[PDB]
Amino acid sequence: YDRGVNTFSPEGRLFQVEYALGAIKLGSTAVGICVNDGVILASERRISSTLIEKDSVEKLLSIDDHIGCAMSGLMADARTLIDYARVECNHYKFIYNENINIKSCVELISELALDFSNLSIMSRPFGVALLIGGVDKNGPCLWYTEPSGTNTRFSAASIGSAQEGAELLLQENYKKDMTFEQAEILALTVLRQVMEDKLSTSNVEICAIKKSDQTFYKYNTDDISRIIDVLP
Amino acid sequence: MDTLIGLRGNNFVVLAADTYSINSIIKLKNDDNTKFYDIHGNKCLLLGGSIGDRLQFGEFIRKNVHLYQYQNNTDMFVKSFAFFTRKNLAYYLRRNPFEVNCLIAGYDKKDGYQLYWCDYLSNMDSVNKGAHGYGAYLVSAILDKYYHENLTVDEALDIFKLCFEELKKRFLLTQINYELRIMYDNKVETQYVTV
Amino acid sequence: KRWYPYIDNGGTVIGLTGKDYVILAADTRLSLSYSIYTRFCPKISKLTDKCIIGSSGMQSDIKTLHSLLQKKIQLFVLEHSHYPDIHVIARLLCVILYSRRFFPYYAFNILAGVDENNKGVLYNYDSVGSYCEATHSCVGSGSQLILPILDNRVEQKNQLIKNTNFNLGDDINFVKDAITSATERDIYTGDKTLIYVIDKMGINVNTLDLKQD
Amino acid sequence: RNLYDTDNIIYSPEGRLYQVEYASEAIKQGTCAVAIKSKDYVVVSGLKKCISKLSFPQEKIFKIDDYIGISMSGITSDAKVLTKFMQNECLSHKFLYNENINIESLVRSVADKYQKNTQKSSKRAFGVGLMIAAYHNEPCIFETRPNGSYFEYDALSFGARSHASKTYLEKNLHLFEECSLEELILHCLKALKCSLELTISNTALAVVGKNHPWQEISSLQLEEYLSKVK
Amino acid sequence: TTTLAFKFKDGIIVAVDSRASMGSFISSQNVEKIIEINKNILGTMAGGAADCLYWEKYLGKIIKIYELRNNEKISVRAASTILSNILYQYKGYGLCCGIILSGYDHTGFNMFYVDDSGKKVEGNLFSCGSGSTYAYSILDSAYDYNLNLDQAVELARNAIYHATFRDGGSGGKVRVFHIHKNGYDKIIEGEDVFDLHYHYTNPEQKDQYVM
Amino acid sequence: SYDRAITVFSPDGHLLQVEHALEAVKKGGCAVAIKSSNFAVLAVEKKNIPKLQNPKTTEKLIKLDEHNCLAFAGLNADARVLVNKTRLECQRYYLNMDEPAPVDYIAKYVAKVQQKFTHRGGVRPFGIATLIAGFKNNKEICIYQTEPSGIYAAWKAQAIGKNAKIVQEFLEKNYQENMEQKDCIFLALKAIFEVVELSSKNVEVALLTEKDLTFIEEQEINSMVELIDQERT
Amino acid sequence: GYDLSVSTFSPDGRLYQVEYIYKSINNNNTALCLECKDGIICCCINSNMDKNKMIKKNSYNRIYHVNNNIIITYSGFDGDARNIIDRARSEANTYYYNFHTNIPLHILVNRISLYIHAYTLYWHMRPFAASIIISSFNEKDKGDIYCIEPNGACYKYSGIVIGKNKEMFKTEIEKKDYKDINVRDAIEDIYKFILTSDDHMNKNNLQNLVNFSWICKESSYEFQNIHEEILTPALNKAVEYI
Amino acid sequence: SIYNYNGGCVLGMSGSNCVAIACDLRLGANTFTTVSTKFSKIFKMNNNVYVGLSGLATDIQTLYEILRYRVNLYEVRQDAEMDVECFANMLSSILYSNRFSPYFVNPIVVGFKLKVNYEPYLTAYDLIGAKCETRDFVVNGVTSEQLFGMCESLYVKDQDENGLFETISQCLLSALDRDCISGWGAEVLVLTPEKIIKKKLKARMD
Amino acid sequence: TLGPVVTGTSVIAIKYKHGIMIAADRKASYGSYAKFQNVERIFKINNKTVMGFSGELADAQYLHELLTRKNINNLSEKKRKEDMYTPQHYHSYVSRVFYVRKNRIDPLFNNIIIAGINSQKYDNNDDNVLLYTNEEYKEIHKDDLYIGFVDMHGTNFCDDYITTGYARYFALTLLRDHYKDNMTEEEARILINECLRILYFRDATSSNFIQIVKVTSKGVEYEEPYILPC
Ligand SMILES: O=C(NCc1nc(-c2ccc(C(F)(F)F)cc2)cs1)[C@H]1CCCN(C(=O)CO[C@H]2CCCNC2)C1
């Protein structure tokens, strides 16, 4: 209305990024867990209709062969960010002939965010939270980025509507030493507790990047069926 | 090197070309398909010259005419198509020329069957008969001799057989394989003639 | 007359890999036509503690290219928080050289290093950025003299009785013999040679005097 | 003041630029950082922000050049832009010439970059304050501000709860000049501790000085120093 | 240089020599002239090694971005079109490329010849480089679609051998790769063609062979 | 406003300009798209003044290229310019790839353009929603629905425009996966006539196959309208 | 409402933004230039930094120079003044590139005045908040001192003061004619005037909060900052007098 | 040599209350191959303004399209026919706008200036718009020397329409019979203030 | 500049015990025409840096103007004597200028010598610099002295002695034979005079009217120009 996009609040906070931080609270809940064997990203898919093609809406995407990501907030803005991330990761691979570090990909993603500030072109903040998981030379890792441009590495993290309860459950149940299978069980139990559904196949989406192939793997019905049967 | 031939009568138009893909001294193919560019709505652009220039210009013209016809939901007239092709060829003439020779054939209800001869300098005119390439020198007079306005399509194909046989007998490049587009009676037909 | 922007300043750079080491020896003479600017101008530049680059051609282009590669490697270290190995630096050098495809650096390059798996590696480069890995290489004025010698010693293709068991000391002495032969037969090679040995402990430099005529 | 704080090019009736002041106000919410020096060394310490139990600490200090490092307080994206600018300037000076950049020239260029964003209505001041530690013929500590000013200090600190650190530095400034490196590190860590316990995770600590490129102190040495402080 | 590719009953055979030269001098005999564009597409090099290597890597980057965006494996036709347009955009700046792109996609096995002049030609049999005519003559003499994999590999090896025997620009080692529906296999990773002369042409080895 | 940010975040985190574009969509004519084994049916409301307005001139069912078609709901002129941009991109893809544009690529591009217009200074958002029916590279048929925000999703059957929710809940209770052609046009017609007045002049229905998009002749629409009159009494 | 843009005149024919800039400058640190018999002496009193104790000794210096023979100082914001001084150095560089001689002082003053004035014309540019003194001295021409105001006005003086407490400094400086007093004798008078005028300044912060420079015969008519050996007896005599 | 590629020639002549323009109908290729025998080089701009464009055929078509565009915009803006002298000056300016990359064309303009009095108007051009107005006749093309000789010998002042037609036709045909790269039919337009007579001559086809 | 029209001949610079001695005759030739015979070809950059040229005079004057403004801008930013740019800094700057112009195919038709004293630890001449107005010489280590060469292609290096033009054959042979470290002023003068004598006899573009310039602890001293003895 009256304040420009670059206006500072009296507290020293940009109005637009503060407002964009309300958009990330909306959306479907997702969780990421990092352990020594690899990183898992789980997500709920709130399917609005039976007529929608379920695989057409993707909450978990692959920024690269070794990078997965879960998005929350405005989905179109999220897809814009992930497309930019894919382009720049492939540019890094072409220029250097190696897989990009997860931190570098997160940093360039957060550099595209806040491009509207025009410090040195987008018009506004992106209003997107991303949990970017991956496996680089320094092992598996998970990062969290938000419209303010801050990046934060996490052992375990959550995004979306039920971020608070998900992070509470993760804080209670996460350990640094748990195995990959226990990490999958923890992720699906957190999603079970925060969801309002019976947690069937074609109700959650699961992906993982392990330290055996360092390759993005999108799960299928057999894998969610296995982990669900393993759940207590 | 790419022999193109065109013959227009009252009830048809026929285009023909050798089917050889040349790379230095070797024929890459004897069944080349980078010369004819069939456009939607009874239209054909037969291109000669360099294969890369042929591909670039032919696809450029094809994608522009298709964009026109889908944007406007009508079939572009053959005269408009021919003069658009000439205009675009002449636009690039003084900036990175397309070294391509063109026969532009089509059918309209407004103007009937139509043939246009156009060279690499974008010098264009409507013709009843025309030819391009070195082989033009060996076929044009045949087209002059046996043509008449009331030709049937079969008689035109016999004339093209005479042209192909002369190109085999006398031309330095003993061109044996030919492809033909026959536009008549609101249908477009493809034929392949050996020898 | 139009001014020609390229000059060959002469001199040789020889490279030879081992199993877990690599030797790169370069002469230090700097010349123009049949005169000598100076008898000491190093052609080999350190890039990382397990990677160096030597070059032969125009000295201004060589110096600018080596400084550019060093600058981009420091930028890489600051941005991505790890030193790039020889293969990353090799692709980077290829991209940098091809970025001036239509006005190339007047330099032929040898990138020598020890990779993460403790394997000696050489990459050889023409001006425009085409490059390949090799077990032995030579660039500069005397390269046509020395490449047959390296072929005969290393590969032994035309020898039924093959002695393919080499160690670091014999390789160093053989590289000294090779650069000595290049000095004998190439006018642009002489004065002094700097021999870099890269192995597990890192880079070590040694000097050998050569003929000054 | 609601009329005059709306655009960054408007002076208030008291001759104040309120948007630049708000950019400065953004700096006090950052975590505390401290920098001191002796005759030979500059020691920088900082509190790494940790936003939750499962988080890792936010990085507080960054290497610019072999004898130049920084710490930041405020909006971290602005700090990243300034960090990349400074690193590029240092490497460009090392590329064109064969010498280290002059620290005063680098700080002036950063301050010019700060000021150029205060002039146009289509730009905002960088909402971040940098402390710049270097050794260029002597230990040196600089500070930059959103308004395009800069200053040089014998000792510096800013961020959240930096007033206690400033009081400790005011008391103990006369000792730092003759302090050895170990005593200097202990003094900087104590000044940081006044702002609060400290931990190897949550404590950034780096040194630069004579015959000593910029180096973050290792976790084991940091553990020894934190044990000595307690 | 000599590169060739041909389609046959069990997919595509690709074959190359490994010589790189600067005028009369042989700069290398270990050059890798077959590049994995992706898991299902291979690309050859003939002419300017710098341009071929750089633009085939660039094509690989574009194909990676396309596949990641669309969740689909690109066709050989689309990759060939992208490469031909990229090379045509630099018409007149002296790029020198002769490339055979061959692979498997949802439309089956495909093979395209593309050069620096914007050329793009679909076929079942191509050869490029200074020894291309010799490989063409050998292949056209002996090519049959129903060759087995061993027969096709042996034919490719023989064609490369005769090209290296006649052409001064070709030599070193012969490599022969086989593209099938689920990737490609290096059937002959590298074989010194010194042995192939004393296999095919002069098996007795009791005197200098007289051409 | 050459480059002024028109779309900005409200204090609650919403983008109000996108919401107003959605309101503009809600005022537009209703469109419905239904998928089948190897064909789709698209039906659009049309309102014209009888005896004065030329009914041919207003095409809300549009052929984008060889194999893709588009329905829309919202501002007509915005629809025209975006559709022309989409046609240009279709032919640009077919130039650069030598294969026709897949439907998923076209839907992604339309969503990208809409998102871009929500995120660039000095441009208003597109006040339209679209239903894009077409064929994938593997010849599977698909329908993609896109919103003013730039969000898109693929649907078995979907409706956009005014009173789209009632048509959606109808299609949920009446869509039966693979269907013959006649029952598919019948489902589309009754679904759109839940909200639209029941007459043949108030609907335009077309069927997309691999070969072409064919508009159903008005006699069939008249007969099916009479049948729908019959079943309601 | 009329005071929200520099590019709007108020009903009584005034630009309020420039007046607010004047108010900003009058609250900032004091600067003065004074023509003397053998030179010009420039002095910047940074009384605002009396609070900050950890600032390095004599690091903050508002006195700069152009061509090693023109002093340039300011009162106002540091960044804006650095922008103006960079423009002055650029103008000197361009003038020497064109003509191979140094820029005359009045030409430089006019060009910098136009540069300052241009930012008071448009609705999107912040006007510079700084008053700029530019001065020089020569053996033949004696001293030329100019003060450029934030509105673009430039005026020549024999002595000038800007910033905080400038009225008291002007009153004390006006008590006697300095064109027949040398700079070395003038330093004591400047220290006495600072002690009597600025209440924050005292004996214990004169040595580290005041920048001094001059151009006179002793400096060969070129820029120099006063050494501690010349400053210390002068401030000691001023403190003993006071 | 660029003008020899297609060949071609245009002529114009004046009489009393009448004017005439004429041209050959050949489109040649590479200076010797005839590829069309109906390529008319005369173009109607309006009822009192005609232009004869000889030279390279692509530039003939391009210039005719530009002139048609400009004339149609002028006439629709002003709601009146363009004056022949205004058109001639416009053609000069258009040809000079491409001075360093000229259209390889040598136009003539033939028409009636209106004053109602219908005065004949003839002018000839070079490729960059240098124009010369004449009262008797104008010539351009590769056959310019032969046309100049024929018109100098045979031109008769103030002929009627029939005499003008016979004189211009004989001039054109005799000039074309001595030129290899022009001929293959001849178009002759005779304008009078009430009508136009278009004729095709029984010309040589060599 | 397409090519040379007004040309300066050789320049010879050497290190000796008190600093740099650089010599050049004062002739500029218009082809075979000795049009100008009192030209200055050794330019002062700063108190510890001088520049000499061989080749086209216009390009050399342009470079001299560039280095003059570079020195003035350096002085404007100076706060201590260590901030003054060294001869190697100017050598790198000139090499970069020549390299970029070579890349543009717009070369300066010159060979340039940049010579001087790298170290500030021998005098306090830079504490109070005088641009418009001008004890025993201190012995200076050769490591603290700098002489650097640049050519048209940007080929740049340094040595204990440098020659340009015809001196690269005549003077440089005698220098490589007879040069020794830590020569006195008299020995350096005698060697330079011998080199210039040979050049005067064998270089047609050379003159016997010499300009000598000395860079020492007391700055840059332009000797009174003299005719070659004997
Ligand atoms: O071949 C030689 N060495 C081994 C090398 N192999 C390569 C190389 C080989 C294959 C490939 C690829 F195809 F697999 F990609 C890529 C690169 C570059 S170098 C020397 C033979 C004589 C000529 N020569 C010189 O250096 C002469 O000096 C130059 C210096 C600068 C310019 N003026 C003359 C190189």
# chains A, B, ... in the order shown; residues from 1 in each chain; ligands from 1
>>> residues_near_ligand(ligand="ligand 1", cutoff="6 Å", atoms="only C-alpha atoms and all ligand atoms", output="PyMOL selection string")
(chain C and resi 8+56-57+106-108+124-126+130-132+137-141+143-144) or (chain E and resi 20+27-28+31+49)
>>> write_last_selection(atoms="N, CA, C and O atoms", output="compact mmCIF listing (two decimals), in the first residue's frame")
# COMPACT_ATOMS: atom_id res chain seq x y z
N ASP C 8 56.14 -16.20 -29.47
CA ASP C 8 56.58 -17.38 -28.75
C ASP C 8 57.86 -17.04 -27.99
O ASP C 8 58.89 -16.74 -28.60
N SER C 56 53.98 -23.13 -21.82
CA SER C 56 54.95 -22.61 -22.78
C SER C 56 54.21 -21.85 -23.87
O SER C 56 53.18 -22.31 -24.37
N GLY C 57 54.76 -20.70 -24.25
CA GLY C 57 54.19 -19.86 -25.28
C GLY C 57 54.51 -18.40 -25.08
O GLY C 57 55.68 -18.04 -24.89
N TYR C 106 47.96 -17.66 -25.97
CA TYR C 106 49.06 -18.24 -26.74
C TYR C 106 49.94 -19.05 -25.79
O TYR C 106 51.05 -18.67 -25.42
N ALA C 107 49.40 -20.20 -25.37
CA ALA C 107 50.08 -21.04 -24.40
C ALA C 107 49.56 -22.46 -24.51
O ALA C 107 48.36 -22.69 -24.67
N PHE C 108 50.49 -23.42 -24.42
CA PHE C 108 50.18 -24.83 -24.25
C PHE C 108 50.56 -25.20 -22.83
O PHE C 108 51.67 -24.87 -22.38
N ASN C 124 47.28 -32.46 -20.34
CA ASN C 124 47.92 -31.59 -21.32
C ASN C 124 46.85 -30.89 -22.15
O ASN C 124 45.80 -31.48 -22.46
N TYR C 125 47.13 -29.62 -22.47
CA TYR C 125 46.19 -28.66 -23.05
C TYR C 125 46.84 -27.94 -24.21
O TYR C 125 47.95 -27.41 -24.07
N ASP C 126 46.12 -27.85 -25.33
CA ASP C 126 46.45 -26.91 -26.39
C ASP C 126 45.89 -25.53 -26.02
O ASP C 126 45.41 -25.31 -24.91
N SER C 130 41.03 -27.84 -25.71
CA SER C 130 41.03 -29.29 -25.83
C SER C 130 42.13 -29.85 -24.95
O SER C 130 43.25 -29.33 -24.93
N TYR C 131 41.81 -30.90 -24.20
CA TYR C 131 42.73 -31.41 -23.21
C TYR C 131 42.51 -32.89 -22.99
O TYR C 131 41.45 -33.44 -23.30
N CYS C 132 43.54 -33.54 -22.46
CA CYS C 132 43.40 -34.95 -22.11
C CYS C 132 44.42 -35.34 -21.06
O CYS C 132 45.46 -34.69 -20.89
N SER C 137 54.13 -36.14 -20.86
CA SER C 137 53.79 -35.07 -21.79
C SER C 137 54.94 -34.09 -21.88
O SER C 137 55.84 -34.07 -21.04
N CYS C 138 54.90 -33.27 -22.93
CA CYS C 138 55.85 -32.18 -23.07
C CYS C 138 55.22 -31.10 -23.94
O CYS C 138 54.53 -31.40 -24.91
N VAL C 139 55.47 -29.84 -23.58
CA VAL C 139 55.04 -28.69 -24.36
C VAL C 139 56.19 -27.71 -24.47
O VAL C 139 57.12 -27.70 -23.65
N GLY C 140 56.13 -26.88 -25.50
CA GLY C 140 57.12 -25.87 -25.79
C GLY C 140 57.91 -26.19 -27.04
O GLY C 140 57.57 -27.08 -27.83
N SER C 141 59.00 -25.43 -27.22
CA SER C 141 59.78 -25.50 -28.45
C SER C 141 60.41 -26.88 -28.64
O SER C 141 60.45 -27.40 -29.76
N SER C 143 59.38 -29.82 -27.58
CA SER C 143 58.47 -30.93 -27.28
C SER C 143 58.59 -32.05 -28.30
O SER C 143 58.50 -33.23 -27.95
N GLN C 144 58.78 -31.70 -29.58
CA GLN C 144 58.95 -32.72 -30.60
C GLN C 144 60.24 -33.51 -30.42
O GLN C 144 60.33 -34.65 -30.89
N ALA E 20 45.22 -38.15 -31.98
CA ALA E 20 45.11 -36.71 -32.09
C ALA E 20 46.45 -36.16 -32.53
O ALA E 20 47.49 -36.51 -31.95
N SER E 27 50.16 -35.77 -31.43
CA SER E 27 50.14 -35.23 -30.08
C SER E 27 49.75 -36.29 -29.06
O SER E 27 50.25 -36.29 -27.93
N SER E 28 48.84 -37.20 -29.42
CA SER E 28 48.41 -38.23 -28.49
C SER E 28 47.85 -39.41 -29.26
O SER E 28 47.40 -39.28 -30.40
N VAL E 31 43.42 -40.61 -26.90
CA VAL E 31 42.26 -39.73 -26.85
C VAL E 31 40.99 -40.56 -26.77
O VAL E 31 40.85 -41.59 -27.45
N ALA E 49 38.80 -30.94 -31.79
CA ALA E 49 38.59 -31.66 -30.54
C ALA E 49 38.06 -30.73 -29.45
O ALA E 49 37.22 -31.14 -28.63
>>> residues_around(residues="residue 17 of chain B", least_positions_apart="2", cutoff="9 Å", atoms="only C-alpha atoms", output="ChimeraX atom specification")
/B:2-6,15,19,35-36,46,48,177-180
>>> residues_around(residues="segment 70-86 of chain F", least_positions_apart="4", cutoff="8 Å", atoms="only C-alpha atoms", output="PyMOL selection string")
(chain B and resi 71) or (chain F and resi 24-31+42+44+60-64+90+106+109-110+126-133+160-161)
>>> residues_around(residues="segment 82-90 of chain D", least_positions_apart="4", cutoff="7 Å", atoms="only C-alpha atoms", output="number ranges by chain")
D: 64-65, 78, 94, 101
>>> closest_residue(among="E:103, E:108, E:11, E:118", to="chain B", atoms="only C-alpha atoms")
E:118
>>> atom_distance(atom1="atom CA of residue 140 of chain B", atom2="atom CA of residue 60 of chain B")
29.2 Å
>>> residues_around(residues="segment 130-138 of chain B", least_positions_apart="3", cutoff="8 Å", atoms="only C-alpha atoms", output="list in words")
residues 1, 2, 3, 4, 5, 6, 7, 48, 101, 102, 103, 117, 119, 127, 141, 142, 143, 163, 166, 167, 170 and 171 of chain B; 35 of chain H
